[PDB]
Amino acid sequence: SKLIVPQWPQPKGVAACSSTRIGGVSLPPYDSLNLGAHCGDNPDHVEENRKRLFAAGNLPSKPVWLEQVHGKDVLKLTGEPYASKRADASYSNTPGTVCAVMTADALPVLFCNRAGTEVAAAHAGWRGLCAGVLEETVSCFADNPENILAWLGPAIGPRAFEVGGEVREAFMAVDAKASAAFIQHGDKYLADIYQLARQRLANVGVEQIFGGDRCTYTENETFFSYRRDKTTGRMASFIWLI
């Protein structure tokens, strides 16, 4: 349909979905289910696309949209309204509360515990992934990392994610083993954002990791991609306790 449903061993109390570009009202280059409000689209179309996602996903409440800044801060969803939503991840243990991250190449990661009593969503672009957003998201859970599941959503894969030293140096400063995930490609590198996520998740003891098969740049019928399109829309990934 419009929506991707993560293929992971989802506990009964957990629901998740990840949007695609299909099924909205936005015009090119935002065509069509653009959920992002700061990328130059018509605000009335973004509002309608967000309502369509709400209906298609059977969400129990409106998603808690974050003021994403490519950092490592996590908002605990203790109840609307919020003083500040300046964060790149959210955490919930409240039934019906919808965690949401907005992406167009950055890695969305969805998290839940085996008990299906706590969920989280993280926006892991290269800058936030390097800074520790995933480790910070795991640290918000009451449960131990051995009992946490992670789903790697659609991101820019290593076929397409060309980077320079701004990026490789940053990662090698935090954890030298990141070098494996950078492959020389002329004067630049191809970076494997899924590998870097798997490193950071293993570092905090998250072992049960799913997804990581999609490519936002390559699969242009399905996804917006900042790197491919420059001016483009945003998908989002969603998780909640039923």
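Residue positions are given as counts along the sequence shown, with the first one as 1.
J.: Going by the mean C-alpha B-factor recorded in the entry, which is higher: 169-177 or 32-40?
T.: Going by the record's values, the stretch with the higher mean is 169-177.
J.: In the PDB record, does 191-199 or 63-71 carry the higher mean Cα temperature factor?
T.: The deposited B-factors put 63-71 ahead on the C-alpha mean.
J.: From the list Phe111, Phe161, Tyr82, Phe141, select the residue with the highest C-alpha B factor recorded in the entry.
T.: Highest C-alpha B-factor among the listed residues goes to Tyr82.
J.: Could you tell me which one of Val204, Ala55, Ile209, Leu27 shows the highest CA temperature factor in the PDB record?
T.: Of the options given, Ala55 has the highest CA B-factor in the PDB entry.
J.: For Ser225, return the chain-relative third of its C-alpha B-factor as stated in the PDB record: lowest, middle or highest.
T.: Its C-alpha B-factor belongs to the lowest third of this chain's values.
J.: Which third of the chain holds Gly96 when residues are ordered by C-alpha B factor: lowest, middle or highest?
T.: For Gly96, whose C-alpha B-factor we compare with every modelled residue in the chain, the answer is the highest third.
J.: Thinking about Cα B factors across the chain, which third does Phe238 belong to?
T.: Bottom third by C-alpha B-factor.
J.: Would you mind checking where the Cα B-factor of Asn147 ranks among the modelled residues of its chain, as the lowest, middle or highest third?
T.: For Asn147, the deposited C-alpha B-factor lands in the middle third.
J.: If you rank the chain by CA B-factor, which third does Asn49 end up in: lowest, middle or highest?
T.: Middle third.
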